[PDB]
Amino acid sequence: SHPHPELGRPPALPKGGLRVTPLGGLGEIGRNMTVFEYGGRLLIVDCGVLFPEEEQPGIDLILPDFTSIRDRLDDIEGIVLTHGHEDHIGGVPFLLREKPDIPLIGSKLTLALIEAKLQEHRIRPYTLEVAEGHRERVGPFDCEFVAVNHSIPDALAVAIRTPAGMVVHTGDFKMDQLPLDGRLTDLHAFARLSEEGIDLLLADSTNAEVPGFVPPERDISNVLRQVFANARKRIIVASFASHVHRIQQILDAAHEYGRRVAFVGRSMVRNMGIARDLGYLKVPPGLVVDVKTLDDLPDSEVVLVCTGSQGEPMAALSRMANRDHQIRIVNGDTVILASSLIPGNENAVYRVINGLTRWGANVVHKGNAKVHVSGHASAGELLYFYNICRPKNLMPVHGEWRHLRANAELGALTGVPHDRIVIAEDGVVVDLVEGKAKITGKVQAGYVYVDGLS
């Protein structure tokens, strides 16, 4: 059920066939990168980083291994970026460093985030801004973009038409039926595509073991309002700097309860700056202020929105927990971790929670309140989605082995034949020839470490 221990290098790609090679994101969540080959030309979908398991000096970021494309960088027609999360765009500066003029293709918000990051590397990319419904030809790859709801706005899936057929890549997605911006995962589009014929579907496996459905994001508002309604002093809320809709709900609550909001921490100030500037984050006049003014306000009128929900030791929340921040936690402070607890950050996160608790804060988190919902489709949604797409072949992506296997089982339950479901690992080469996907070889795909200079 797993790829053969000694697959060799793949054979020549038959004329009229398509080659699909995940270089990252399989067997380990992160550094997502998938290479598509047709007629000697390459299309890359996503290029992320992976964060190490507690690894000390010498190791900051982990990259996909570019060895299999490095001697044919001139064949790359473009890099499609499904959405602006670091495990999908973090690797881009390191790829462009080897060939700077590879066009970036993505939504407005996605491009604003990757351009912000690139500016620090002194790199100005060529870009093609796309939106849902746009269809564009990139060399031999005919690309159509489809809206998907996720935990960051402006995420996209892509359908890639070649003479080998149509491949659909979901990116990361779920299916919130009441999204804050009204932007649904576009099931009409997926239905139409399925009637044309989806020959190969690559689908997000992150939440495939979780039965049932993701609760809508907007339900978090009720919990926030309760917490705000009952907080008598300062409120401090930590979230990922990219979760615009979560932060939106925080501002709405603050507004409702007569509080003002300051953003704290480099990432948060930067991203919320961009979201507000471009209109993804809706901010009423008078609500957001500079943190320096909060001293002059009564505690009961204060909300700090800050960074460090994963216990990152340099982020704001951890420094506050360790008495090493401008903001000093006092008895009666309310702290909300409006976030997931990513498997493996448990020790860091609990260390922060315990620190905060020691200084007398009331700490609200997903363990004692519903202040977070997953950004990825659950088993129930995946069944809906497969019943709509009816793919002729299925490749689960974006998951550890337990995730990929569970996703494959869901596919099988909806009627995808078992011989048309392929579970790949990083570096495994899959060929779509005459409508059928088969594993045909493997390339080098180990870990590559980087200190900013690699």
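We number the residues from 1 along the sequence you see.
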Between 28-36 and 51-59, the record assigns the higher mean Cα B factor to 51-59
Comparing mean C-alpha B factor in the record for 80-88 and 321-329, the higher one is 321-329
Among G265, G380, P216, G344, the highest C-alpha B-factor in the PDB entry belongs to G344
Based on the PDB entry, the highest CA temperature factor among the options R246, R97, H376, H365 is that of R97
Split the chain's modelled residues into thirds by Cα B-factor; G411 lands in the lowest
In terms of its chain's C-alpha B-factors, the third that includes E400 is the middle
By the entry's values, the third containing the CA B factor of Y350 is the highest
In terms of its chain's C-alpha B-factors, the third that includes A231 is the middle
In terms of its chain's C-alpha B-factors, the third that includes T293 is the highest
